[PDB]
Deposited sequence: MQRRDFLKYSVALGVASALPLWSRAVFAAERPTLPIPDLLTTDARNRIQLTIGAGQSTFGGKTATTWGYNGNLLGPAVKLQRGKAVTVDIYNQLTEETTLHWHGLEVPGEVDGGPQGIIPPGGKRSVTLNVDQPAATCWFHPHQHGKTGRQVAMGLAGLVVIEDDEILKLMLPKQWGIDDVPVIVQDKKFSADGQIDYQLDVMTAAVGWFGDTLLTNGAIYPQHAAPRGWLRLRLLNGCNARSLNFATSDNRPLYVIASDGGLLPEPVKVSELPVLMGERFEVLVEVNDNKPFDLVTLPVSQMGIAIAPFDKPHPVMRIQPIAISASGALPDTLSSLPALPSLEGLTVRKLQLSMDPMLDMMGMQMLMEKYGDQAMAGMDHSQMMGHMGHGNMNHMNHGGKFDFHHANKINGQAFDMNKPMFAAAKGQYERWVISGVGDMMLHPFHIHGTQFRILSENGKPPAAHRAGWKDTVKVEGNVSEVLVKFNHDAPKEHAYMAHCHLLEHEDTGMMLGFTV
């Protein structure tokens, strides 16, 4: 049969300078089986909210679920009051209005729930949206810009399904250790869709929307990807890559050539991550089928995209240390449950070093920062407003992958997991890899966050966040 077309999220702009988002339960079909799913302005996933830098907009958010949620704008530099972390509770049948005064460069950001201890479940049920920030600078470049034709959002997510076809989500000792992962890959909510792309340049806005699964994009015929933007917006010039690793909650925009009429796949390559490396993710896995077409397409790859500032001198900067840890009992219990469920396949992708690390009680608070499981009532510290700080985040002592995310900022990576960052990760980021080594970011918070609307800093492996690997901080 024909592959289904890639679903394109609606590009939603202001009215009275207002935007309406409805959070609701409905139904979706996956592999011919119906499931209860949640969506923003529909059944599953959500729209792309389109924002202009320097232009205020009001968002009216209606919770039509039968349980509490929050709405977090991932990668937006906004005050804590509108950040929608776990303190931004919207009750069932409630409404919250937020004024977003956008004051950052053009970027692809996203939005999702941040309900305390339930973020994994609420994203797994289908809640995620996009944010497209535009500025004068990006619109001058003549990048591909026809939304849903040559400028395409690609939200990649895995799920697992029970026998009846319902989403099979559980926060248990296995998923608290290694994450919630599945055997079914979704692309804008569809299984292995096709996208009809005009000949010339195709812009893909890639979002890893998975709870726990790291991805590594490539093409089926090894044509290159040209990275043009990271989480926080444009690189100074394009970076040519043959593969593109993307952690949970990271975005990159890439241009790819649609040259001849022969279709090719966007794929994800096997990653060395425990549980994630298991079949069917032990071989290259198709993400979507690009079908070349002949219709209007004038987008270009510019030699120069933007100016990236020199890093400042680090002397005098406040240093914060964040030591990530997991109770040895959770590693043991969680690993034991993984090995019970997958047997001989359980150590897929793992080298000798990775396995010897695993040497051979309430799990809801077993994941920690600085020896502390997340305490919603006790911000770990008071950060300075408008001042560079150096944040040193360590996974030394721990075997697992931790995409570390900091609210309220776009930062510069100084060191990523004991190496300088790759060229395409050296610009504006809101996520940094921590995996058995130490990362160092240069962060600045331009907006206030008081105690009662604190910013979060957490692992974006959502089951780790939900079982304690989060801290609140004031600005």
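Counting from 1 along the deposited sequence, what's missing?
Missing C-alpha atoms (numbering from 1) occur across the ranges 1-28, 44, 390-401.
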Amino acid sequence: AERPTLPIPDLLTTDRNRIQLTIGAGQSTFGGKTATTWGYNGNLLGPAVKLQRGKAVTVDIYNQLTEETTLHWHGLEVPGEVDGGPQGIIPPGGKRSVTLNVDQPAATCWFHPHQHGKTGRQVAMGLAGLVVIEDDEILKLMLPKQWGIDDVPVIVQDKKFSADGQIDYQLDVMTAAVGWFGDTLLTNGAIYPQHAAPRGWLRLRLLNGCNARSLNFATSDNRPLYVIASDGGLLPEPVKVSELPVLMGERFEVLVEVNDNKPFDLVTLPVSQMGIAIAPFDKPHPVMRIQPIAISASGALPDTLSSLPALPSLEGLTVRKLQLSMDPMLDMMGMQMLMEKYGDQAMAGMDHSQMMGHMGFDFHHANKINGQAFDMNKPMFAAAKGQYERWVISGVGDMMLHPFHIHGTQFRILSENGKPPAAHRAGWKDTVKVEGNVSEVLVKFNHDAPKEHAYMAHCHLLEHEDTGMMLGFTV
From here on, numbers count along this sequence of modelled residues.
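Would 288-296 or 125-133 have the larger average of its C-alpha temperature factors, as given in the entry?
Mean CA B-factor is higher for 288-296.
Could you settle it for me: does 106-114 or 140-148 have the higher average Cα B factor in the PDB entry?
It is 140-148 that shows the higher mean C-alpha B-factor.
Whose CA atom has the top B-factor in the entry, of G26, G427, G436, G46?
Of the candidates given, the C-alpha B-factor peaks at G26.
Taking the Cα B-factors listed in the entry, which of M359, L185, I278, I393 comes out highest?
Answer, based on the entry's C-alpha B-factors: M359.
Which third, lowest, middle or highest, does the C-alpha temperature factor of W38 belong to within its own chain?
Tercile = middle for this residue's CA B-factor.
According to the PDB entry, is the CA B factor of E253 in the bottom, middle or top third of its chain, that is, lowest, middle or highest?
It falls in the bottom third of the chain.
Taking the C-alpha B-factors as the PDB entry records them, is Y388 in the lowest, middle or highest third of its chain?
Middle third.
With respect to C-alpha B-factor, does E340 fall in the lowest, middle or highest third of the chain as deposited?
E340: CA B-factor falls in the middle third of its chain.
If you rank the chain by CA B-factor, which third does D265 end up in: lowest, middle or highest?
Its C-alpha B-factor, which the entry lists for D265, ranks in the middle third among residues of this chain.
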